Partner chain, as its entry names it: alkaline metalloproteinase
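In structure tokens, one chain follows: the form deposited without the partner chain.
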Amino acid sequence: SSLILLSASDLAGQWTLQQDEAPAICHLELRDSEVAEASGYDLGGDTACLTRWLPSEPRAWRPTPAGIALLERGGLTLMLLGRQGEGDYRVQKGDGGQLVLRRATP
């Protein structure tokens, strides 16, 4: 019963996605709530715009010890974002589009 629930927290904040080769930005919100259905944290914000870079709309995400992962509320990881630089994650996907998650600076 002493299990630590509120784990990741400094990750909370605002973030955005950037798809290269395809001018289009999307506001993303990394929630800090716990989610056992996907074993991660909720994913509010416009996740719909991801229906073009992911096979399903991610309702949750799970930070891994080597990058961020997006889930669909079932445990099926949709994409593994690798940390390229503290606050700069990038992933290679077919089609030729580069996603970039960076804390909303503006």
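Residue numbers count along the first chain shown, from 1.
The same protein also exists as the form deposited with the partner chain bound; that form is not shown, yet it is the one meant from here on.
**Q** Name the residue from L80, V35, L54, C26 that puts a heavy atom within 4.5 Å of the partner chain in the entry with it bound.
**A** Filtering the options by heavy-atom distance leaves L80.
**Q** Quick one: is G45 in contact with the partner chain in the entry with it bound, heavy atoms, 4.5 Å cut-off?
**A** No, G45 is distant from the partner.
**Q** Using a 4.5 angstroms cut-off on non-hydrogen atoms, would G13 count as touching the partner chain in the entry with it bound?
**A** Outside the cut-off, so no.
**Q** So in the entry with it bound, is the partner chain close enough to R62 to count as touching (4.5 Å, heavy atoms)?
**A** Taking the distances in the entry with it bound, the answer for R62 is yes, it comes within 4.5 Å of the partner chain.
**Q** Considering non-hydrogen atoms and a 4.5 Å limit, does the partner chain approach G85 in the entry with it bound?
**A** Yes.
**Q** In the entry with it bound, which residues of 64-80 put a heavy atom within 4.5 Å of the partner chain?
**A** Residues within 4.5 Å: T64, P65, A66, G67, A69, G74, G75, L76, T77, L80.
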